[PDB]
Engineer: 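Below you will find the structure I want to go over with you.
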Amino acid sequence: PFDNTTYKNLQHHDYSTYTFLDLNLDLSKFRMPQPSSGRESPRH
Amino acid sequence: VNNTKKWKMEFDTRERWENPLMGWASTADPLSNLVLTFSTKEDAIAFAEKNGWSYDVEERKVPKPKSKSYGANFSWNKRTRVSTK
């Protein structure tokens with residue numbers, strides 16, 4: 001059935017203070033290995 | 001840098017002492033305030049040799065050309081990254 005009368009974006013009523021960072025921690029395993037500049041920092 | 005354009009001739013500083021009455025700087029050097037201006041080094045040398053003055057010449061110190069790049073503030077792998085701006 002086609003519904004155009006309800007607001008389907010009700011998930012953000014349940015987001016806590018660490019939702020973004022827990023999502024980033026979950027996404028940390030899916031990602032490519034980072035490029036390196038060859039030094040540990042620009043002060044190295 | 002406009003005060004670094006011309007050559008100058010000065011003399012060796014002689015004794016300045018304390019005036020007993022007022023504490024003022026007394027001198028007996030007539031040439032203590034004599035500063036001469038020359039366009040080139042050779043004009044100053046010719047003027048000193050013409051007047052019998054023993055002289056010493058320091059060469060002109062110009063600042064050497066610098067390699068300036070604003071993009072070097074944000075390098076990928078060099079130490080020349082600025083940590084703030």
Side-chain angles (χ1 to χ4, degrees), chain A, chain B residues 1-18 23 25 27 29 31-45 48 54-85:
Chain A
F2 178 71
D3 186 74
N4 202 0
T5 61
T6 61
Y7 184 67
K8 300 289 182 67
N9 193 0
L10 296 176
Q11 291 85 17
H12 70 279
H13 300 284
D14 293 329
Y15 289 167
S16 66
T17 61
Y18 294 110
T19 302
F20 181 81
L21 296 172
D22 289 331
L23 283 163
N24 195 4
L25 182 61
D26 196 0
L27 286 176
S28 179
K29 65 181 181 293
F30 290 104
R31 296 180 185 277
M32 297 299 292
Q34 293 293 324
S36 180
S37 66
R39 65 183 67 250
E40 187 177 0
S41 72
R43 293 185 293 118
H44 282 76
Chain B
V1 299
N2 202 11
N3 286 323
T4 65
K5 301 293 184 181
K6 302 299 177 183
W7 290 87
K8 298 291 184 182
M9 185 190 295
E10 69 181 358
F11 289 96
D12 50 349
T13 67
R14 292 292 179 87
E15 186 182 4
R16 293 178 176 92
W17 64 94
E18 180 179 359
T27 192
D29 190 5
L31 301 177
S32 69
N33 294 321
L34 188 66
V35 175
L36 297 167
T37 304
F38 294 93
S39 65
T40 62
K41 178 177 70 176
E42 291 84 5
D43 294 330
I45 291 170
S54 177
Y55 62 95
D56 51 355
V57 175
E58 292 87 3
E59 296 293 326
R60 182 185 291 273
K61 295 186 186 297
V62 294
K64 69 180 183 180
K66 305 294 188 292
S67 178
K68 289 297 185 187
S69 181
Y70 182 76
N73 294 326
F74 313 107
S75 67
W76 163 244
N77 51 4
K78 299 296 188 290
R79 291 166 179 165
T80 179
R81 288 187 66 88
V82 295
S83 65
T84 185
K85 183 175 88 274

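No hydrogens, no waters, no symmetry mates; every other heavy atom, side chains included, goes into these values. Here is the naming used below: chain letters follow the sequence lines, and residue numbers restart at 1 for every chain.
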Engineer: For a quick test of your reading: what N or O donor-acceptor pairs under 3.5 Å do the side chains of residues 4-12 of chain A make, sequence neighbours left out?
Structural biologist:
{"residue": "A:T5", "atom": "OG1", "partner": "A:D3", "partner atom": "OD1", "Å": "3.2"}
{"residue": "A:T6", "atom": "OG1", "partner": "A:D3", "partner atom": "OD2", "Å": "2.4"}
{"residue": "A:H12", "atom": "ND1", "partner": "A:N9", "partner atom": "O", "Å": "3.2"}

Engineer: Enumerate the residue pairs fulfilling side-chain hydrogen bond (donor to acceptor under 3.5 Å, both in side chains) with a member in residues 13-29 of chain A, sequence neighbours excluded, ordered by first and then second residue.
Structural biologist: A:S16-A:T19, A:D26-A:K29

Engineer: For a quick check, list the donor-acceptor atom pairs closer than 3.5 Å between chain A and chain B, or say none.
Structural biologist:
{"residue": "A:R39", "atom": "NE", "partner": "B:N77", "partner atom": "O", "Å": "2.6"}
{"residue": "A:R39", "atom": "NH2", "partner": "B:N77", "partner atom": "O", "Å": "3.3"}
{"residue": "A:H44", "atom": "O", "partner": "B:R79", "partner atom": "NE", "Å": "3.0"}

